[PDB]
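This document opens with one chain alone, in structure tokens, the form deposited in one PDB entry.
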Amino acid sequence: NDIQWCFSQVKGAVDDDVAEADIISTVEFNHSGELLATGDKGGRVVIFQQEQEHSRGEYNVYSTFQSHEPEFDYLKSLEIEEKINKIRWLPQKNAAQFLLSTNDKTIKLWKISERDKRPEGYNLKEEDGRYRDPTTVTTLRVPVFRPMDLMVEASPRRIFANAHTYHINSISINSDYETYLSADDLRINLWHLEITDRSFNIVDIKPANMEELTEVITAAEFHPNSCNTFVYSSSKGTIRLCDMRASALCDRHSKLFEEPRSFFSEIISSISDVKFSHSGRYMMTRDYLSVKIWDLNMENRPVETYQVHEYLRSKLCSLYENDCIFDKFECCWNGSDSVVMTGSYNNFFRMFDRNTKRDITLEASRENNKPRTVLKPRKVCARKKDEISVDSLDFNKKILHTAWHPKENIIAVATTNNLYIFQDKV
């Protein structure tokens, strides 16, 4: 019953100069899955729309805009990078589309709307800008709207800035359609989607003296259904679940998820990302080497654990030297929560089937750039035929960001600078 993933599309330049501004930094599907937002280190956001004709239509460019631009914080003598950290779509409220785009410092609410009406008509001039004699104004006429070629316009509606001392690493919308949280390294702020001049600091784990700092917030997320529950992971590998009903300030956690001896244990233990299951009963956390799935009812241990790449446990020394050990990988649930996807090195992304416990490795490479071509499972060992040696792994090729279509078996896998879209073999 394994899904025979087939190459569908690849976007971006083919083995180009790979400028730093061209590196993809986030992939986020829409709530309905029609739109697929992509962010890069250059502050540019590209939105792809699926062809409207279960659906397996190709994704085509829909909108493009400069979400963030480089800035200099003259109050701190710091250059604010324009890299897009997280993109989060808001629930569709009208014909327009809304999403939140955040760099390390500022969150922006962007409205993407289609306009197909052109106001035509003038009194003191022509459509070409040629003015006329004002004395010839005998009868007033009102402009009319003329149909025009469809155009997509992206504009910033609200800017949420000047709230985080440290770098924002997560944004998550609340299920109440009103608020969302933004979590930096040491503080979590609660925002209102229609208010920008003030925010509520629910969580603040900053020590009184920074000399005593021992852990930082790595990720945070609201519960998909409950409006009062959110979980934020720390660099120690512990997830704290906060019930906003207990008190206004969530400094006291309702639950603490953790487990009871390598040299780099302090690093690999850090949780890169935490994702709630669609049902909300389960929670998945990604550390450097493994994926752990936690049942919210059980805190002592995870129900399931999956090893993303065991062959790199022996190479942590090399990874530390080149700083690859600090890569913050991500994890994604499928629509039915039965399969979880996470990325790896050498353009490998792993699929873990929870029901059957099966495990496959797939590669996103241009060599298979033929639509409707089955992806051959990859095996890494260090060696039989067709197996890729561990030494051959290219640690510069990191699949950090991945996204799963909320309903269908369509996954958007983002390499360093190319976005790959794969579909199930119908």
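Just count from 1 along the sequence shown to find any residue number. Rigid core: the largest C-alpha set superposing within 1.5 Å between the two forms.
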Exercise for the section: Would you mind checking whether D16 is unresolved in the model of at least a third of the other PDB entries compared? Expected result: yes
Practice task
Compare the other PDB entries of this protein and indicate whether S55 is left unmodelled in at least a third of them.
Solution key: yes
Practice task
Between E53 and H54, count the deposited residues left without coordinates and pick a bin: none, 1 to 3, 4 to 9, 10 or more.
Solution key: 4 to 9
Exercise for the section: Scan the PDB entry between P134 and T135 and report the missing deposited residues as one of none, 1 to 3, 4 to 9, 10 or more. Expected result: none
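The same protein also exists as the form deposited in another entry; that form is not shown, yet it is the one meant from here on.
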Completion exercise
Of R198, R157, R146, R115, Cα shift of 2 Å or more between the shown form and the other one on rigid-core superposition seen only for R146
Practice task
Determine whether the C-alpha of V137 shifts by 2 Å or more between the shown form and the other one once the rigid core is superposed.
Solution key: yes
Exercise for the section: State yes or no: after fitting on the rigid core, is the Cα displacement of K125 between the shown form and the other one at least 2 Å? Expected result: yes
Practice task
Report the direction of the Cα distance change between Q97 and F145 in that other deposited form, compared with the displayed form, as closer or farther; the change is 3 Å or more.
Solution key: farther
Exercise for the section: Report the direction of the Cα distance change between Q97 and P143 in that other deposited form, compared with the displayed form, as closer or farther; the change is 3 Å or more. Expected result: farther
